[PDB]
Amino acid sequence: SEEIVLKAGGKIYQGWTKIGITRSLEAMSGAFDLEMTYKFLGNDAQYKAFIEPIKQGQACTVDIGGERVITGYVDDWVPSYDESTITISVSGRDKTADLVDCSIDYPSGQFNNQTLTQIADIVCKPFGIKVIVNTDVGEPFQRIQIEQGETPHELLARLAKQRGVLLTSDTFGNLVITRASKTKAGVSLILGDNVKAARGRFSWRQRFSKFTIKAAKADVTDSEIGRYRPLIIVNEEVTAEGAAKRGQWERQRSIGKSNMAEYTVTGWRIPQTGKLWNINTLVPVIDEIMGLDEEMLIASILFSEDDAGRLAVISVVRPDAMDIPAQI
């Protein structure tokens, strides 16, 4: 019922024929793609241009029922046509994409005795991006030097990793500093109830029984893997406690990379709560077919619409799969 609207350039664009919006905890800035395909059966499409182009670069919002889904910029304007077809589409990312694409211009080239939050405030400001803090960022860093051509995202992400926190964004394209949430979606995904379809992949191709980390050592065991499968790794950033932490990070990364579960539901809104499905919320999962019975963390959502209807694809992970400690 609620309509989905793209606003760009003081203009309003509704009636799209295909919409895909990603929100994600693992890919800074997510994505939107909107397409409108008209067919002209009089074979006179080329005499029947309808909208003025959406300029690439334009500030952009997508709303459902007046509620914000994504805030960013048009990356790509993508027109095409033939004798009986006009297709226009735009693609882009939320505001934080500037943090991913662009260089840090902080002329003194180093931060002194600053927390992650103070640094993020600095590098984000000339992009007009707000920094939201939802967790303890811990101690200041004594001295941080900008690497050559380092982007605001690459800097913040490396700092984040030394403080055991995560970087993401909100629906308003603000930078969010957080940790894996305790907040509940207010809903379960129950096989036979609200799950329209689902898909999984559970692998040991990248799983190992023992991670040995060497400076250039320390063993980190993964007791889930009951066959002899050793992995030795040099990591020149490494301390015996440091190598153990990097080994633990290594076990944790291989686990997340080896499990996938994606649930397709009807609607972008949770019917119980009436709230949009949201990343970094916890959702009980009861799925006998797949072999899941645990509370999971929503890591990503694909919100889509076509002729068939509105769907949301919810990618879920073990809630401590995105929880780390700190770097060297």
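Residue numbers run from 1 along the displayed sequence.
According to the entry, the deposited sequence has 10 or more residues without coordinates between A216 and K217. Counting the unmodelled positions of the deposited sequence between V90 and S91 gives zero.
When the C-alpha B-factors of 217-225 and 95-103 are averaged, 217-225 comes out higher. Of the two segments, 170-178 and 245-253, the one listed with the higher mean B-factor is 245-253 (C-alpha atoms only). For the set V265, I51, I301, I270, the maximum C-alpha B-factor listed in the entry falls on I51.
Per the deposited record, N235 carries the highest C-alpha B-factor of all listed residues (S80, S203, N235, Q114). Looking at the C-alpha B-factors along this chain, the one for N259 belongs to the highest third. In the PDB entry, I21 places in the lowest third of its chain by CA B-factor. The entry lists a Cα temperature factor for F40 that places it in the lowest third of the chain's modelled residues. Per the deposited record, the Cα B-factor of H153 falls in the lowest third when ranked against the other modelled residues of its chain. Among all modelled residues in this chain, the alpha-carbon of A240 has a temperature factor (C-alpha) in the highest third.
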